[PDB]
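We place every Cβ from the backbone using ideal geometry, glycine too, and count neighbours over all the protein chains shown. Since every read-out is calculated from the coordinates, none of them should be taken as a lab result.
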Amino acid sequence: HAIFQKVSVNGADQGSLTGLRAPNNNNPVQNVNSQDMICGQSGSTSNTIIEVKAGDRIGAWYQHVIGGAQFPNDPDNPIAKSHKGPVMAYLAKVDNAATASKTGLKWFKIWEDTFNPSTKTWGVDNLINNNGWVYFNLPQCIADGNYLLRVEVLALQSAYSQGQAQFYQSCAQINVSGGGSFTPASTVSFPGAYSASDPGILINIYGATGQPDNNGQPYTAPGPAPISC
Ligand SMILES: [Cu+2]
C-alpha cells in the first residue's frame, strides 16, 4: 500500500502531487483489465505540466499515504517490506498532458528495476532503501512535447493466486525539450499489456526458508522491454 505522489527533476523537488494524476487512496489495483491500471484509481489531478529535458534524471516518490507516513515510525512507509516486486516506468505521447484523456494511449517502457537474484534485491527493496524514491533517466532520444509518465509498483507477496498481484500506479504530466527523433517500434495499451497468467504476475516468489527471494531465480517483468535510443 503506497502512492506515487511527487516528482523530482535532477534532484529538484516539484512539490507534493504537482503534475500528478494520482489515486486518493493507497489500495492496489488487482484487475489488470481495469481502466484503473493506466494511472491508478481516479483521484487527484493537476493543471501543472512539469518541464523536463530529454536525458534528465527523474525521481518518483512513493509513500504509504498522501503526505508520507500514516503515523510515527510507520513500518509500511514508504511501502511495506513484504511488498517485493519490480518498479516500471512508461511514457505515452499526448498533445496536452493536462487535458488528454488517459484512455487508449500508446505506451512504451523506458526503465525498470526488477530483481537481482545474486543480491536478492527487488526494485521495491531499492525503493525502500532510497526512502520511497525510484530514479531513472528519460531517454535522450525522445521527441519534444507533452507526455504522460506512468510509474508502477507491482507487489507480489500474494501473487501466487490468480488476480492477486497488486499494482500501485500514478501518472505525471511532463513536457520534454532538448529531445531527439525517436519513435517506438511498438507500443502497448493499458489496460491490455498485462495478462493475469504472465510469469511476472502469477508467480510464487517464496523460496525454501519462506523468504521472498524468488528461489534465487531470475524474474521476468510483464510488458514490453525498455526501449533503447
Ligand atoms: Cu499493501
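You will find that of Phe182, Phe115, the residue that is within 20 Å of the chain's Cα centre (by Cα) and among the hydrophobic types (A, V, I, L, M, F, W, C) is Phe115 and no other.
If you go through the range 146-172 and keep only what is small (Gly, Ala, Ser) and either out of contact with any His (no Cβ under 7 Å at 6 or more places or on another chain) or more than 16 Å from the ligand (Cβ to nearest atom) (or both), you end up with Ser158, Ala159, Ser161, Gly163, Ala165, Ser170, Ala172. Residues considered: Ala92, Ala143, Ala69. Of these, the only one that is touching a strand residue (DSSP E or B) at 6+ places or on another chain (Cβ under 9 Å), among the aliphatic types (A, V, I, L, M) and within 16 Å of the ligand (Cβ to nearest atom) is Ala69. The number of residues in the range 1-30 being surrounded by fewer than 18 Cβ atoms within 10 Å (Cβ to Cβ), away from the ligand (no atom under 16 Å from the Cβ) and either within 23 Å of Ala80 (Cβ to Cβ) or under 14 Å from the mean Cα position of the chain (by Cα) (or both) comes to 1. Could you check the range 72-86 and list, in sequence order, the residues that are of a type outside the set (A, V, I, L, M), within 16 Å of the ligand (Cβ to nearest atom) and farther than 23 Å from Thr220 by Cβ? Correct list: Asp74, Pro75, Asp76, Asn77, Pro78. One residue is enough: does the range 119-139 have a residue meeting the conditions within 16 Å of the ligand (Cβ to nearest atom), over 27 Å from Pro199 (Cβ atoms) and among the polar types (S, T, N, Q)? Within the range 119-139 (the criterion being within 16 Å of the ligand (Cβ to nearest atom), over 27 Å from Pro199 (Cβ atoms) and among the polar types (S, T, N, Q)), the answer is no, since none of the residues qualifies. Are any residues in the range 45-67 surrounded by 16 or more Cβ atoms within 10 Å (Cβ to Cβ), of a type in the set (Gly, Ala, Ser) and more than 15 Å from the chain's Cα centre (by Cα), and if so, which ones? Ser46, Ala54, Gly55 - these are the residues of the range 45-67 that are surrounded by 16 or more Cβ atoms within 10 Å (Cβ to Cβ), of a type in the set (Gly, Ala, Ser) and more than 15 Å from the chain's Cα centre (by Cα).
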